[PDB]
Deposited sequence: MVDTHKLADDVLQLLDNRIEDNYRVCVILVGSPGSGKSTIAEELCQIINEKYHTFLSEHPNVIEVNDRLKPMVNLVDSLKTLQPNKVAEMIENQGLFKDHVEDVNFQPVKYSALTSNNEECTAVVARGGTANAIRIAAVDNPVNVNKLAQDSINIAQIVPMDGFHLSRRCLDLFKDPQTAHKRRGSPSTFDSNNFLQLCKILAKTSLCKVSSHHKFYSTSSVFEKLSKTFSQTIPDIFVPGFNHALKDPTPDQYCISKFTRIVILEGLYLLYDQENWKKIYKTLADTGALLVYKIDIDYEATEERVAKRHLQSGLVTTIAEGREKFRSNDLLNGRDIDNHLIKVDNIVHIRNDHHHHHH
């Protein structure tokens, strides 16, 4: 795939929506070993580099508006987890024992300078945090929303929960959807002769947009970790990458519509070279210790539809705006 061309398409949408959307979202889906992580980082970088180069010759172009307007309230629609329940949750290792598999459990907020935490069925481990050199593009990995291993222990059937970790049901889909709702709201708010997209965005940064912190995934501790990615008023391009952003089930299905409805969404789906991906994933499992030989790794890939991508392709939401891209090496 041509990442510079993706960068060009992203800037074109942003420019076209400059007056209607504070930020454009990009959805990038790929099965394990598809390389969505590197494509997203590369795209993100390219865009930021372009902006820095623009700033080089337009040194003082940046201005933050809406200084006399109130902050965009992102959590007003959520129920507040009363102080007593916050304590109970914290006491139970930051978990909600009776809702770990409840996809309909609604996210709740509470005050943790001040700072608002939004949690759902995964508890504190997948919390989104909202606050009271200049990069305009940021990535949002879905990995940070993996339910914690301790959360998986509370599943009615922990054994399968762990063995199948990485399946759609082992992520806090509730809170990821909530993150998307927050992003859409920060996009649909109300914005504000040149033709330069960078010039336009530089004069329209808004003081009303708070910093938003999202969890990341610590591959060493095999669990999610807090505030690894910050989306601020300067972030005008959000690149969400993951396995189930286009999955037609439960909360995942609502993701596309939630971001699509902003009118500022680009969607990409990576089509994998089977053999190359099989080898890649087989080697990863070997290096991680999951298998003793590459042959075992390959068979695991072939028989696990969560690994070979079949599950994702079978559950790909039916929308005509999904741009299929290749990442062959």
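Gaps without C-alpha coordinates occur at 1, 114-118, 139-151, 212-217, 355-359, with positions taken along the deposited sequence from 1.
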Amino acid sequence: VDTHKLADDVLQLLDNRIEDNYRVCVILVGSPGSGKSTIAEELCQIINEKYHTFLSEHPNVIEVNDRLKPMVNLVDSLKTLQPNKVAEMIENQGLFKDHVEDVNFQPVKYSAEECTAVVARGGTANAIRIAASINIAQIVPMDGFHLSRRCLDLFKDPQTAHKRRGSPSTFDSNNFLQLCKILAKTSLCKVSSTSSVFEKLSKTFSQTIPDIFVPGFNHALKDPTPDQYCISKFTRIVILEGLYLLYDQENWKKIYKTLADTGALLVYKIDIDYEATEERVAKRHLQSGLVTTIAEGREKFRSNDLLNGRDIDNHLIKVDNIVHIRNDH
From here on, numbers count along this sequence of modelled residues.
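Once the C-alpha B-factors are averaged per stretch, 283-291 and 46-54 rank with 283-291 first.
In this entry, the higher average B-factor at the C-alpha atoms falls on 82-90, of the pair 82-90 and 136-144. Comparing C-alpha B-factors across 172, 102, 76, 248 in the deposited entry, the largest value falls on 76.
Note on the listed residues 235, 258, 178, 111: the highest Cα temperature factor in the record is that of 111. The deposited CA B-factor of residue 64 belongs to the highest third of values across its chain. For residue 320, the recorded CA B-factor ranks within the highest third of the chain. Only modelled residues enter the ranking. Ranked against the other modelled residues of its chain, the C-alpha B-factor of residue 221 as given in the entry falls in the highest third. Sort the chain's modelled residues by C-alpha temperature factor and residue 18 lands in the middle third, per the entry.
Per-chain ranking of the deposited C-alpha B factor places residue 166 in the middle third.
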